[PDB]
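Oh and the sequence shown: position 39 is 39 in the entry's author numbering, straight run, nothing missing. Down below is the structure, laid out as structure tokens.
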Amino acid sequence: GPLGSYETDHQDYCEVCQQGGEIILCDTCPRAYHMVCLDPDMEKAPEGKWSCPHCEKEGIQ
Ligand SMILES: [Zn+2]
Ligand SMILES: [Zn+2]
């Protein structure tokens, strides 16, 4: 499912469940996975700019 406007083009299936549907597409990364496979604690809906939880891990923090 499309998030709307994302930077990079990416798959329409979960890399975790290996199935699409209500997956979330990082607005920056070529990643695609459902919210539940990312984090059951993640409840904040992807509104427009949604960057994957992996994004913060790709930073030099
Ligand atoms: Zn999934
Ligand atoms: Zn990302």
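Backbone N, C-alpha and C define an ideal beta-carbon position, used for all residues, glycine too.
Would you mind sorting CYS14 into buried or exposed? The rule is 16 or more other CB atoms within 10 Å of its CB. The sequence position of residue 14 within the sequence shown is 14, counting from 1. Per the 10 Å Cβ criterion, buried.
Residue from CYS26, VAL16, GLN19, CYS17 whose Cα sits closest to the Cα of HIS10: The residue you call residue 10 lines up with position 10 of the sequence shown. Here the closest residue by C-alpha is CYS26.
Quick check: is any heavy atom of ligand 1 less than 6 Å from the C-beta of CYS37? For this step, residue 37 is matched to residue 37 along the sequence shown. Checking the Cβ of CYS37 against ligand 1 gives yes.
Residues around ligand 2, please: the condition is that the C-beta lies closer than 5 Å to some non-hydrogen atom of it. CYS26, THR28, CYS29, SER51, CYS52, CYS55
Bridge partner(s) assigned by DSSP for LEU25: For this step, residue 25 is matched to residue 25 along the sequence shown. Paired residue(s): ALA32.
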